[PDB]
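An overview of the molecular structure
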Amino acid sequence: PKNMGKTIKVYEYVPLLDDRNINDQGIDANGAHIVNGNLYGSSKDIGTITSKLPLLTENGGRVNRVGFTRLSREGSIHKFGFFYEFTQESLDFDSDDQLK
Amino acid sequence: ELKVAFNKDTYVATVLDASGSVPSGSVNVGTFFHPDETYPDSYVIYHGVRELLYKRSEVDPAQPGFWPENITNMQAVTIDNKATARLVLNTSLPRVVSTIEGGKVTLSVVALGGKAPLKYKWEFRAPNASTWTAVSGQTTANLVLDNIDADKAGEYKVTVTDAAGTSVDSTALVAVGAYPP
């Protein structure tokens, strides 16, 4: 859009289970605070999945809390352009009637 | 400073360097900065030569004049650049780069112009400080930080100076988020 500027910006939104989701809002399944904000990230190891897996109980309190993270990008537009010139005779007294 | 000298007959406004040599048949018509200080881009040598020709006379390039007798017909004048070009940084560093610990950020710059020997030097400012620390090693056009940690975040600046001393500068902020230590 015009009157906005010359650069653009967006909002990349990381998923909950991603190693880039680096946040401090995290409560482990036992209700204690944990350093990692996500659940387990992009890990594959089955041990680290069966642990930190969100498990609720009959009396569920603040025992599973996760955070989120937002990133950004940018890109600027640049001006390009060339041109050419021609005289009147070069169009009138020319073999081609379609030179233009 | 670009010294322009204009010829009466061939209509050739040779834009030599500041310490140049006005050719035969040409007369000095003025001097302007190509990297114009207040507006670096959006101004081109073609614009500098025009305003200098807007104070001359059509009858004689010397003995300056104005609008009724100035040389406004820029179509007939040929600008034969014989001076060193700007040190245009074609691709500057990304303004902000986001990475996680263990990643890798390869900062890059491409320079075109100036004298033949181009010198590349990088600099690093602490993420909260004000003085610019000097990055050891480097001396290249692409800095590669590998296994980047939370200590290496901050602002990285490169300064490309040629054999003359016309340095162009570009900065980049590297924010590497991580769990707190």
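So, here's what we can say about the structure. These residue numbers run from 1 along each chain by written sequence and may not equal the entry numbers. Residues without coordinates are not shown. Chains carry letters from A onward and ligands carry numbers from 1 onward, assigned in written order. These chains belong to a larger assembly; the values given apply solely to the chains on display. Side-chain metrics in this entry use all non-hydrogen atoms of the structure; hydrogen atoms and water are not considered. Residues with missing side-chain atoms are left out of burial classes, side-chain pairs and their counts.

Examining the overall build of chain B
For the record, the criterion: Secondary structure is summarised from DSSP: a helix means a run of H or I of at least four residues, a strand means a run of E of at least two, and numbering begins at the N terminus for each. Note that the radius of gyration is over C-alpha atoms, with the globule rule given as 2.2 Å times the number of residues to the power 0.38. Note on contacts: a residue pair qualifies if any of its non-hydrogen atoms lie within 4.5 Å across the two residues.
Secondary structure summary: chain B contains one helix and 12 strands in total. Helices and strands in chain B line up, N terminus first, as β-β-β-α-β-β-β-β-β-β-β-β-β. Computed over C-alpha atoms, the radius of gyration of chain B comes to 23 Å, more than 25% over the 16 Å expected from 2.2 N^0.38 for 181 residues, which places it beyond the range of a compact globule. Dimensions of chain B, computed from C-alpha atoms along their principal axes, come out at roughly 75 × 30 × 25 Å. Within chain B, contacts between residues at least 6 apart in sequence are counted, and of these 54% link residues at least 24 apart.

A short note on the nonpolar core
Residue and element names in this part refer to chain B. Stated formally: The definition of a nonpolar core used throughout is a set of buried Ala, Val, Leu, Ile, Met, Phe, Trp, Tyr and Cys residues joined through side-chain atoms within 4.5 Å. Only protein chains enter the accessibility calculation, which uses a 1.4 Å probe; a residue is then buried when its area is under 20% of its type maximum, exposed when over 50%, and partly exposed in between.
Core analysis: the largest hydrophobic core is formed by 23 residues, its most contacted members being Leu-93, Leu-107, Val-109, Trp-122, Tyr-156 and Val-160. Mapped onto this core, the elements with two or more residues apiece are β6 (104–108), β8 (119–125), β10 (142–146), β11 (154–161) and β12 (168–177). The element contributing the most residues to this core is β12, with four residues. Ignoring any residue separated from it by four or fewer positions in sequence, one finds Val-109 in contact with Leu-89, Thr-91, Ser-92, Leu-93, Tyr-120, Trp-122, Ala-141, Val-158 and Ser-170. Grouped together as the second largest cluster of nonpolar side chains are 14 residues, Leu-2, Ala-13, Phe-32 and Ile-71 included.

Things to note about the interface of chain A and chain B
Threshold: Three classes are used: nonpolar for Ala, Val, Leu, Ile, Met, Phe, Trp, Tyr, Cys and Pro, charged for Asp, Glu, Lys and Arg, and polar for all others, with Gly counted as polar.
With nine residues of chain A at the interface, the matching set in chain B holds seven residues. In the side of chain A that touches chain B, the residues fall into three nonpolar, three polar and three charged.

Let's talk about a nonpolar patch on the surface
Inclusion rule: Residues form patches when they are more than 30% accessible in relative terms and have no salt bridge. Like charges link within 9 Å. Nonpolar side chains (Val, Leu, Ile, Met, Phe, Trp, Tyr) link within 5 Å. Using a 1.4 Å probe, accessible areas were evaluated by the Shrake-Rupley method; residue-level cover was limited to the displayed protein chains. Whenever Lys or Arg places a side-chain nitrogen within 4 Å of a carboxyl oxygen from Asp or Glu, that contact is recorded as a salt bridge.
Side chains of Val-88, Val-110 and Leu-112 of chain B sit close together on the surface and give an oily, nonpolar patch of about 210 Å² of accessible area. Under the relative-accessibility criterion, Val-88 of chain B is labelled partly exposed at 33%.

Notes on the sheet that holds β12 of chain B
All names here are of chain B. Applied cut-off: Any two strands with at least two DSSP-identified bridges between them are counted as paired. The axes used here are C-alpha line fits, helices contributing only the stretch in contact, and every angle between their N-to-C directions lies in the interval 0 to 180 degrees.
Pairing in this open sheet of five strands is mixed, and the strands run β5-β12-β11-β8-β9 from one edge to the other. Only two strands of the sheet have a single partner each, and these edge strands are β5 (96–100) and β9 (132–134). Direction aside, neighbouring strands of the sheet carry axes that sit 30 degrees apart on average. Judged from the seven bridges that link them, β11 and β12 form a sheet pairing that is antiparallel. The partner of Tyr-156 across the bridge, within β12, is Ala-172.

Things to note about the sheet that holds strand β2 (residues 13–16) of chain B
What holds strands together in a sheet is hydrogen bonding between their backbones, with the strands either parallel or antiparallel. All names here are of chain B. The strand order across the open sheet formed by three strands is β2-β1-β3, and the pairing between neighbours is antiparallel. The two strands at the open ends of the sheet, each matched to only one other strand, are β2 and β3 (26–32). Here the average twist between neighbouring strands, direction ignored, is 25 degrees. Set on the sheet, helix α1 (residues 45–53) makes contact with β1 (2–7), β2 and β3; between it and β3 the angle comes to about 115 degrees.

Comments concerning the environment of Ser-21 of chain B
All names here are of chain B. As for its placement among the helices and strands, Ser-21 is situated in the loop between β2 and β3. Judged by its relative accessible area of 52%, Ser-21 is exposed. Residues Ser-21 and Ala-5 lie 16 residues apart in sequence; the distance between their C-alpha atoms is 9.3 Å. Not counting residues within four places of it along the chain, the set of residues in contact with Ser-21 comprises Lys-3 and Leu-16.

What to know about the packing of aromatic side chains
Centre-to-centre distance and the angle between the planes together describe a pair of aromatic rings. We apply this condition: Pairing of aromatic side chains here covers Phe, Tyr and the six-membered ring of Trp, requires ring centres within 6.5 Å, and sorts the geometry by plane angle: under 30 degrees stacked, over 60 edge-to-face, intermediate tilted. Any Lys NZ or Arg CZ found within 6 Å of a ring centre and within 35 degrees of that ring's normal is scored as a charge over the ring.
Summed over the entire model, instances satisfying the criterion amount to seven aromatic pairs over all chains. Note on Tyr-84 of chain A and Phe-86 of chain A: the rings are 5.7 Å apart at their centroids and 40 degrees apart in plane angle, and the pair reads as tilted. Using a relative accessible area of 54% as the deciding quantity, one classes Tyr-84 of chain A as exposed. Their ring planes at 75 degrees and their centres at 6.5 Å tell us that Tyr-54 of chain B and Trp-67 of chain B sit as a pair that is edge-to-face. Here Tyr-54 of chain B is found in the loop between α1 and β4 (88–91), whereas its partner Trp-67 of chain B is found in the loop between α1 and β4, with 13 residues between them in sequence. Classification of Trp-67 of chain B by relative accessible area gives exposed; the value is 52%. One aromatic cluster in this structure is built from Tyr-54, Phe-66 and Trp-67 of chain B. For the cation-ring pair, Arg-70 of chain A lies above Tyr-11 of chain A, with the distance from its terminal atom to the ring centre recorded as 4.3 Å. Note that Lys-152 of chain B overlies the ring of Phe-124 of chain B, its terminal NZ or CZ placed 5.6 Å from the centroid.

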